[PDB]
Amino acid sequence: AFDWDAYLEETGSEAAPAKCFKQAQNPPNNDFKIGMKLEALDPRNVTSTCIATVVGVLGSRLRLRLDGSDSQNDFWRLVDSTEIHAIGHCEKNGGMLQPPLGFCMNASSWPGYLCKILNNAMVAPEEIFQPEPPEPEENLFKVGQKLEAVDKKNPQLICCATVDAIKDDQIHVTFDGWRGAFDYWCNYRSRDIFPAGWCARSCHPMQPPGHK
């Protein structure tokens, strides 16, 4: 557990208040199990809803892999993400499940494939998907404030970070102790940022500053 209070005192810094974040006040319970299938937007084509399997769980997050794709493009979503739903959600809403961009077979093999993977599949029940947290009405972050942020280049990691700059609804996230290469702009509504102390509360590892 990272000592945020000692860290904020020594850097003469404030953590961004919880009201800045589109995150729940308390980290949502994660009742997903490895092997459970669900529906997720394909990160490599966000127009597509695809079948994903939980291949890992960490705190309130799921490590997801699209069935029929590859093991090199796994992605992480919170259990209260609006980009994941129970199987059947897409159809109920007038849509059609799609092959993943990285589908390992040819496209005419898709309809048969879906039948095969869904047959006696372990499926995440709709009740374990958590409600979408309220969002702030505006960007309330201020330059200099610290927070916990996903390293988008190594998304298993959530790390000590600082708001470097602000432009309207976008905040600039920089990772304490790391070269500016891991920096990124995101919307203040990002699900990839958390108030200080959130990881410890959710049982997710939280990376201390880098040694540079």
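So that there is no doubt, residue numbering starts at 1 and follows the sequence shown.
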Between the two ranges 117-125 and 73-81, the one averaging a larger CA B factor in the entry: 117-125
Stretch exceeding the other in mean C-alpha B-factor - 158-166, 25-33: 158-166
Largest Cα B-factor, entry values, listed residues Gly59, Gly56, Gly180, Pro43: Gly180
Third of the chain, ranked by Cα B-factor, where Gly88 sits: lowest
Chain-wide C-alpha B factor ranking for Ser48, given as lowest, middle or highest third: lowest
Ranked against its chain, the third holding the CA B-factor of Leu66: lowest
Chain third (lowest, middle, highest) by recorded CA B-factor, residue given as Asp151: middle
Assigned third (lowest, middle, highest) for the C-alpha B factor of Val173: highest
